[PDB]
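To begin, one chain is listed below as structure tokens, in the form deposited in one PDB entry.
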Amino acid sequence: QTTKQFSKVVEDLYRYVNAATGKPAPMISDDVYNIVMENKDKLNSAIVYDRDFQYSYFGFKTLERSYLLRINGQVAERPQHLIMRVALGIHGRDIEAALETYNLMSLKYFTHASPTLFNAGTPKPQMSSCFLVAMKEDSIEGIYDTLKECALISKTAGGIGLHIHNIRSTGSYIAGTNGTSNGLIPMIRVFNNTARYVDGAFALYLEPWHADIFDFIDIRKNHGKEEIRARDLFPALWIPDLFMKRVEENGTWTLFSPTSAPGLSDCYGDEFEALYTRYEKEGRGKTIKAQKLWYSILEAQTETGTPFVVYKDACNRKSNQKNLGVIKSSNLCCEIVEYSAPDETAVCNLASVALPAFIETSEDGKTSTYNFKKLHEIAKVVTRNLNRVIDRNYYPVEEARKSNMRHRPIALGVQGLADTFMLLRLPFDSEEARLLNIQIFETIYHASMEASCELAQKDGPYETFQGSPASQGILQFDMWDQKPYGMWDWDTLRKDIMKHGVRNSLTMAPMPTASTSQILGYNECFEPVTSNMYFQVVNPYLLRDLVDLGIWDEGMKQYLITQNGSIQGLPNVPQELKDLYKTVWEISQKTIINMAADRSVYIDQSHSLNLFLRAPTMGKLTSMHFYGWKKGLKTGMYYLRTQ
């Protein structure tokens, strides 16, 4: 069904011709083709085809349906071919690095994000997952320039975070007409329609003092007038601390059109508060009860899972990019926290480490341990990969090229945190899981900064490194005013960074891993399992245990189907198992938030913290938000899932 020889497969993909039009349509770049032909024997003999069976049925089907390159509707690539295409696409002439990446990916130590898997080694290799776009100007020309830019980015793969704080609100004056602005909603409908035309995937960012806020937060509601909804876009709130204070005090909140109150989004913290309370005192806006807004926000979150919540002041106070300017948005999945401006669209290239790969029974007596030294080594590899992607990437718009080449941010993440705890017999809410969580993120952050510092000794630091927190020896945990756990030597690293610089302004942004975790067969990313039963497949670790204890029968299976993936209150199942295989609906969200806060001291950017509320009340949701906020989180909430 598929040619075996890799160079033979490369040849077919490269020579490919669209029969219907007679147009040659190479699916491999000149570059990678010439590389493969000059090295065919080394390359062909390196692939271990046994490794195609490291995938599950649903992992293979995921690859088959979307990832493996097709010739005339037929799969042309084997999984091993996809992986070697990616390796060369990243590494180019560096055959050695390519070979190392081939071996580590093929053994499932790590993977790159979907767009890298799609486009690495191909003629327009757009490998970035994330674009953060500034609304160019409060004008028809700026709106339409911004729209063109989103269209062109959406032509390729990857999401958009778009901030729109600078657009004048409903009823605002326009110079040259007697008519007024119709505000955000009509303009959002324009963007919605472009998202649909160019083959969703836009998040919109707004600060809650904007006067169109009440409609903005309701944009995904499945009822009401069809011309007030924008159903393919996601609203995200970019929330100042002052809003949270006014809500908690049960105080007032003032809504402005940005034309009546200029500059509010171009400052944060104390400067924001001073500027805000001054405009408030000067009668420039419309005052409400803060809790009236607060309540409408919880209503929309309860109904639609949105708006997302990202804390503006936490993002800005604790960003290594703070020498660039004020950060005005996150991205589609709320992990990326990078500077953007009309001339600079922040981009990011993504990869995730497979956490269970580092478990070894290695020891005396059948206990599993965690190999942190190997985690550290693989994270260095991935860091070097992501840095290469930056240089070999095709940028859809010039604003993205200019941003990426200047600041060189990258984003490492994880999958299989849940599997890891499960394999080590650690309940997600245990003291041992809490510790392992901190140690894992300490080592990945240590490793990435070390790799990046080595790159800066080879190539120079990134352009804007001088003046950064990192240039002053201030690493992420220091900006949380915490000492690191200290499994790695931070003083020596900080010494080296201050002397040599780093090659990347940012390194860590744990992402959802929605498709890539399915390819590898692990749970997802720092999140607990959502059920133990996802045509019905039972949690392999749970299955193993129930068989070993000799309790697994049809009576067991039904009790799992019927309680949808929960094993609690199953009569004859040991407590150790119930503790180990708690669903995310069964774990306290204060625990989830605690662990998010623990790991966040080692996270440069942010992370996509989904929240899961069993029996949701306004009161429970409020206390979750205020708890995350006071913990110092950047991303208070990504999606709210309920039921």
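Note that residue numbering begins at 1 and tracks the sequence as displayed. In this text, rigid core is short for the largest set of C-alphas that superpose within 1.5 Å between two forms.
K.L.:
How many missing residues of the deposited sequence lie between residue 480 and residue 481 in the entry, grouped as none, 1 to 3, 4 to 9, or 10 or more?
P.N.:
Nothing is missing.
K.L.:
Would you mind checking whether any residues of the deposited sequence sit unmodelled between residue 199 and residue 200, and how many (none, 1 to 3, 4 to 9, 10 or more)?
P.N.:
Missing residues, residue 199 to residue 200: 4 to 9.
K.L.:
Please compare 295 to 303 with 542 to 550 and say which has the higher mean C-alpha temperature factor in the record.
P.N.:
Comparing 295 to 303 with 542 to 550, the higher average CA B-factor belongs to 542 to 550.
K.L.:
Please compare 141 to 149 with 119 to 127 and name the stretch with the higher mean C-alpha B-factor in the deposited structure.
P.N.:
Higher of the two, by average CA B-factor, is 119 to 127.
K.L.:
Looking at 234, 191, 559, 209, which has the biggest Cα B factor in the entry?
P.N.:
When the deposited C-alpha B-factors of 234, 191, 559, 209 are compared, 559 is largest.
K.L.:
Per the PDB entry, which option out of 113, 525, 405, 386 has the greatest Cα B factor?
P.N.:
Among 113, 525, 405, 386, the PDB entry lists the largest C-alpha B-factor for 525.
K.L.:
Residue 621's Cα B-factor: lowest, middle or highest third of the chain?
P.N.:
Middle third by C-alpha B-factor.
K.L.:
By its CA B factor, does residue 409 count among the lowest, middle or highest third of the modelled residues in the chain?
P.N.:
Tercile = lowest for this residue's CA B-factor.
K.L.:
Going by the CA temperature factor in the PDB record, which third of the chain does residue 10 belong to: lowest, middle or highest?
P.N.:
According to the entry, residue 10 has a C-alpha B-factor in the chain's highest third.
K.L.:
Based on the entry's values, in what third of the chain does the Cα temperature factor of residue 602 lie: lowest, middle or highest?
P.N.:
Bottom third by C-alpha B-factor.
K.L.:
Tell me, lowest, middle or highest third: where does the Cα B factor of residue 325 rank within its chain?
P.N.:
It falls in the bottom third of the chain.
Another form exists, deposited in another entry; not displayed. Remarks below refer to it.
K.L.:
With the core superposed, find the residue in 431, 548, 363, 491 that moves its CA 2 Å or more between this form and the one not shown.
P.N.:
If I go through the list carefully, the shifting residue is 363.
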